[PDB]
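Take a look at this single chain, the form deposited in one PDB entry, given in structure tokens.
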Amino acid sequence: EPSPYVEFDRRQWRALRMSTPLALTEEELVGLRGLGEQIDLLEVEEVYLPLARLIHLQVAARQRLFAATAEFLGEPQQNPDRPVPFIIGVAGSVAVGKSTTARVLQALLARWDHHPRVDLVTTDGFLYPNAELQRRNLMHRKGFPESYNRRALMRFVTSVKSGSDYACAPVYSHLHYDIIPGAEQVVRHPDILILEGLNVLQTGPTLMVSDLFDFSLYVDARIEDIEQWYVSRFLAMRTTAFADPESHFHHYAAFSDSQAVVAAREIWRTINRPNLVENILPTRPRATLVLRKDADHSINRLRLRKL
């Protein structure tokens, strides 16, 4: 009974680092870490660095493939100041640390030998604005597939991978809880685009951004642990984000420990968890690499797709 997958533990996996340089200081690592995330240089060393190696092995390999098609079409051939952008998806639950995995990966990859333009975009920017969600009645399904402008998102990534000189994404503000009027993120023919979001690995009756990925990561953990991380970060944000008077959730700053646990649980129960079960987890099987975290946020197992 064979498998498209091979499973590792951290021991097996860290061996695959080989010679790979560590280009990141502890101060630099700190600026990439999100609230509640526990990544240290050791984890960067034994987990992210084999990963960065595998990826770099594959950027080269994946180029041969667009070369083959261009050759077939009798095409000019790729000027090497402009190869076909490598697209990396990063998926998983709210509160699972996608954010941190993606910023760390971006950092590691920009410190490779040409200094590649490595852009990072979250699908937050492609949420429908609140007014448009209100109209669709989805103000309580923010993060579900249908709360996104998937067409706009597909246009964006398609534009980039097809060699456009610039592409624009809108920009979301967690604080204001909405898309920002007039804000844009401009991506300019990067060598590597990392696209980070809940649902980026979804599939469906139309071509989607998952179909454009040259590599993808799914950041995994036990559902009970992720709820714990989510509730616990909710309590912590009473004195970071919710403390701001502009915070859309400023009213939560005052809640007691237990009032807050109640609130955070009800949101996990009504939104983030059903989304995780119904939409996100069903995409796990396609990910090139699943990074399984233990209750302490520590990546301890990995599942690679060999097929």
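Definition used throughout: the rigid core is the maximal C-alpha set that superposes within 1.5 Å between two forms. The numbering used is simple: start at 1 and walk along the sequence shown.
Keep in mind the form deposited in another entry is missing from the figure; the text below concerns it.
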| item | value |
| --- | --- |
| Large Cα move at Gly34 between this form and the one not shown, threshold 2 Å, rigid core | yes |
| Large Cα move at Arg284 between this form and the one not shown, threshold 2 Å, rigid core | no |
| Cα displacement of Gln78 between this form and the one not shown reaching 2 Å, rigid core superposed | yes |
| Residue pair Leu109, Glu28 - Cα distance in that other deposited form, closer or farther (3 Å or more) | closer |
| Inter-Cα distance between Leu108 and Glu28 in that other deposited form, nearer or further [3 Å or more] | closer |
